[PDB]
């Protein structure tokens, strides 16, 4: 344990410049955005993967879901798999993957079932653990407890002032506690997360 709270960041193209070495002191893990649906890979995916690999920061990937159901769900799962492969092509080694499911684009069907199809596909293709992210309220109102996956990543921001505020109303493994973090290494607001030491170990690949 520590007098300092465990700190995990998540970043995307919205953090176009990051002093990666400047994260090493306080940050235990970083999750980077892989892709938005089948529309695009995140524009900073490779930059961030290379930057984190450079300094030996353990990291993972999250996919922002936009799937329609059916084959599109699988095609989106393949975006995340492809992003994972792209990182490995650059020599980097992500240790955890995530489905970020916080809006619904399904033409028909059930959110739990389609999230499950996505997660099963990614796990089956890669052998890497795959967790699930959503805000507290969205998670409850879409029955996300019924999805089987490897890590509950739950957002609840409270006053959203860069420091921990209101906790999620449901159990969590990783808690995204603000979207307005301030750290010297990143000019832009950044999402900040915390978790137990056991969950940090899990993120890092056990």
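Residue numbers count along the first chain shown, from 1.
Relative to its counterpart among 166-174 and 147-155, 166-174 has the higher mean temperature factor, C-alpha atoms as listed in the PDB entry. 85-93 and 114-122 differ in mean CA B-factor, and the higher of the two is recorded for 85-93.
Among 34, 179, 47, 39, the highest C-alpha B-factor in the deposited entry belongs to 39.
Residue set 196, 19, 12, 193: peak C-alpha B-factor at 19 (per PDB entry). Among all modelled residues in its chain, residue 8 ranks in the lowest third by Cα B-factor.
In the deposited entry, the Cα temperature factor of residue 139 places it in the middle third of its chain's modelled residues. Among all modelled residues in its chain, residue 28 ranks in the lowest third by Cα B-factor.
Looking at the C-alpha B-factors along this chain, the one for residue 106 belongs to the highest third.
Sorting the modelled residues of the chain by their CA temperature factor places residue 60 in the lowest third.
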